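Step one of this worksheet: look at the structure below.
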Amino acid sequence: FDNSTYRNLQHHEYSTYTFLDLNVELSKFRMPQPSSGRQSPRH
Amino acid sequence: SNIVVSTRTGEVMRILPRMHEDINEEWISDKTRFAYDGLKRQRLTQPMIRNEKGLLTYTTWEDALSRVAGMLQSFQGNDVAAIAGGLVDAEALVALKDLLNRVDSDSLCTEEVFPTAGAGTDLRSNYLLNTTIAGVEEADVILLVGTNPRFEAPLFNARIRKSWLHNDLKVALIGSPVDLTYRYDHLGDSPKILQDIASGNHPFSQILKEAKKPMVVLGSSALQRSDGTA
């Protein structure tokens, strides 16, 4: 067993759009959103 | 709109609103508030006649009134006529009506045309806002025909927006797609659509049918286009 090595080394290879790319990837797993009934409160 | 005129030493200083819950209730339009200075310019202050050269020259009340009286005694019947403007009051209107009735004249007309066919001014409900400005807050569907209430009646449009905000009021417009500061349904600008809504083809006929408190408002400006009777 090992309790001495830092294994959170992946945060050294995160680019500008990594968060947004992960969001685009996750978009397919999401459930459909609810609806208030209007396009916007200004409608 | 009910207003308060602030005057100092015989001069009009400013215009302020006056709370009247049924009409404007705290507000006035910009023309109401900021056009009082036009009362200090281009003012007619003395009676005027035409001299031998054809120009307008000052004269006394007696001379001008005598000239007008002579011309009014010369002619009678259809040859005497009157046209009333936009800022005339009921006292002056009834006085002028009586004066021309004395010479047997009925040619007493305004500048804004209204369809005289049918009832035609005989019934007072034929040319009025019967629902009233306050009643807008009770309606659920409103149709506006050939009008731009934002500029023709700013406080009426403010009441419409207040109802649209708080009562989820539905608004439709037949005419030009102007900006009313609130979102509405544009059904087109051709007057033919009206007959369609009367025929029942247009879905807004069904919307008005389902409406609990429907409201149909026709702009008096739309009656000036020589087909206002139709």
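Note on naming: chains are A, B, ... as they come in the structure tokens, residues start from 1 per chain, ligands start from 1 in the order shown.
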
Just the alpha helix (DSSP H) stuff from stretch 2-224 of chain B, please, per backbone DSSP, written as JSON, numbers by chain. {"B": [30, 31, 32, 33, 34, 61, 62, 63, 64, 65, 66, 67, 68, 69, 70, 71, 72, 73, 74, 90, 91, 92, 93, 94, 95, 96, 97, 98, 99, 100, 101, 102, 149, 150, 151, 152, 154, 155, 156, 157, 158, 159, 160, 161, 162, 163, 164, 165, 166, 192, 193, 194, 195, 196, 197, 198, 199, 203, 204, 205, 206, 207, 208, 209, 210]}

Return the neighbours of chain B among the residues of chain A, cut-off 12 Å, counting only C-alpha atoms, as a ChimeraX atom specification. /A:38-43

Within 10 Å of stretch 203-206 of chain B, counting only C-alpha atoms, which residues qualify if same-chain residues fewer than 6 places away don't, as a ChimeraX atom specification? /B:141,143,172,185,187,194,196-197

Taking C-alpha atoms for each residue, export the selection above as an mmCIF file, in the first residue's frame.
```cif
data_model
loop_
_atom_site.group_PDB
_atom_site.id
_atom_site.type_symbol
_atom_site.label_atom_id
_atom_site.label_comp_id
_atom_site.auth_asym_id
_atom_site.auth_seq_id
_atom_site.Cartn_x
_atom_site.Cartn_y
_atom_site.Cartn_z
ATOM 1 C CA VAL B 141 -58.006 39.817 -23.672
ATOM 2 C CA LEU B 143 -57.629 43.876 -29.225
ATOM 3 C CA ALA B 172 -53.329 41.810 -29.865
ATOM 4 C CA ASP B 185 -49.534 39.435 -30.812
ATOM 5 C CA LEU B 187 -52.260 39.865 -36.386
ATOM 6 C CA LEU B 194 -61.253 42.394 -39.142
ATOM 7 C CA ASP B 196 -61.995 37.428 -40.919
ATOM 8 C CA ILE B 197 -62.234 37.822 -37.144
#
```

Tell me, in Å to one decimal, how far atom CA of residue B:18 is from atom CA of residue B:155.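 Spanning atom CA of residue B:18 to atom CA of residue B:155 is a straight-line distance of 13.0 Å.
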
Would you list the contacts of residue B:97 as a VMD selection string, taking every protein, DNA or RNA residue within 10 Å and counting only C-alpha atoms, but skipping same-chain residues closer than 5 positions in sequence? chain B and resid 81 to 82 91 to 92 102 105 to 109

With C-alpha atoms retained, export the selected residues as an mmCIF file, in the first residue's frame.
```
data_model
loop_
_atom_site.group_PDB
_atom_site.id
_atom_site.type_symbol
_atom_site.label_atom_id
_atom_site.label_comp_id
_atom_site.auth_asym_id
_atom_site.auth_seq_id
_atom_site.Cartn_x
_atom_site.Cartn_y
_atom_site.Cartn_z
ATOM 1 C CA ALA B 81 -70.303 77.753 -40.643
ATOM 2 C CA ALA B 82 -67.880 76.963 -37.836
ATOM 3 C CA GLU B 91 -68.829 76.434 -22.746
ATOM 4 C CA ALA B 92 -67.350 77.980 -25.888
ATOM 5 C CA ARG B 102 -79.650 81.979 -34.163
ATOM 6 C CA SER B 105 -76.955 77.408 -39.187
ATOM 7 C CA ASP B 106 -76.182 73.800 -38.285
ATOM 8 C CA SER B 107 -72.793 73.636 -40.033
ATOM 9 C CA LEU B 108 -71.046 73.126 -36.688
ATOM 10 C CA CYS B 109 -68.242 70.654 -37.244
#
```

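For residue B:145, the list of residues within 12 Å, based on only C-alpha atoms and with local chain neighbours fewer than 6 positions off taken out, reads residues 171, 172, 173, 174, 175, 176, 177, 186, 187, 188, 189, 190, 191, 192, 193, 194, 197, 215, 216, 217, 218, 219, 220, 221, 222, 223 and 228 of chain B.
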
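Residue neighbourhood of stretch 29-39 of chain B, excluding near-sequence residues (fewer than 3 positions): residues 1, 3, 12, 13, 14, 15, 16, 17, 42, 43, 153, 154 and 155 of chain B, at 9 Å, using only C-alpha atoms.
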
Go through stretch 38-210 of chain B and collect every residue that DSSP, computed from the backbone, puts in strand (DSSP E or B); the answer should be as JSON, numbers by chain. {"B": [48, 49, 50, 56, 57, 58, 82, 83, 108, 109, 141, 142, 143, 144, 145, 170, 171, 172, 173, 174, 185, 186]}
